Amino acid sequence: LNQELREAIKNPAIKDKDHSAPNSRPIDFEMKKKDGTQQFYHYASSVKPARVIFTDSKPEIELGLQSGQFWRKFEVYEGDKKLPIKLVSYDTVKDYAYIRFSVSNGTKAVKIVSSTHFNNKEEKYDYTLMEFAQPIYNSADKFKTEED
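Numbers given for residues start from 1 on each chain and follow the written sequence, which can depart from the numbering in the entry; residues without coordinates are excluded. The side-chain values count all of the structure's non-hydrogen atoms but skip hydrogen atoms and water molecules.

By the method listed in its record, solution NMR, this PDB entry was determined.

The chain has the name Iron-regulated surface determinant protein B in the PDB entry, where Staphylococcus aureus is given as its organism. Per the PDB header, the entry is named "Solution Structure and Molecular determinants of Hemoglobin Binding of the first NEAT Domain of IsdB in Staphylococcus aureus".

Right under this line is the structure:
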């Protein structure tokens, strides 16, 4: 992505648009860190639904959230492997922000970064963990690569 997440909520090209299609299935998760945070108290960081988009053995995943005026930046890692984020669609009437990223092979647990600043307050990260409902995968048994 080319911008800060907070600026993307007003950028006109993605504001007032969607994307939803039969080319996908839903997913969900658990979240925490080692200091004893368990995500449920703020609606942007709280545990969420998602959707897995049909690809090769590295799939793509789509994520939407609210408090879009509060979040400032996001990053997703599995070990050293970064899952690269892009903008998809936004709604400043719902205070809503929505993104996509390209996933590693069959992901089960993820190292997460998220940043916040609203009002006088600042709420920044050191470390965060997500863990799966089921493997984030593509169903390779039907397609991996079809070439000649």
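Still more to cover.
Trainee: Which residues make up the sheet that holds strand β1 (residues 24–27), and what values do they have?
Mentor: Two strands make a pair as long as DSSP finds a minimum of two bridges between them. Helix and strand assignments come from DSSP, with helices taken as H or I runs of at least 4 residues and strands as E runs of at least 2, each series counted from the N terminus. Within the open sheet, the five strands sit side by side as β1-β3-β4-β8-β7. Their pairing is antiparallel. Two strands close off the open sheet at either side, each with one partner strand: β1 and β7 (85–91). Shown here is a sheet whose adjacent strand axes are inclined to one another by a mean of 25°, direction ignored. Strand direction decides the pairing type here: strand β3 (residues 50–53) and strand β4 (residues 60–66), joined by three bridges, are antiparallel. When the sheet's bridge partners are listed, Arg-51 is paired in β4 with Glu-62. Think of each axis as a best-fit line through the C-alpha atoms, taken over the contacting stretch in the case of a helix, with angles from 0 to 180 degrees between the N-to-C directions.

Trainee: Tell me about the side chain of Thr-107, and name the residues and values.
Mentor: Assignment of secondary structure puts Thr-107 in strand β9 (residues 107–118). By definition in these notes, contact holds between two residues if any of their heavy atoms fall within 4.5 Å. Residues within four places of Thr-107 in sequence aside, it is in contact with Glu-78, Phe-132, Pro-135 and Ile-136.

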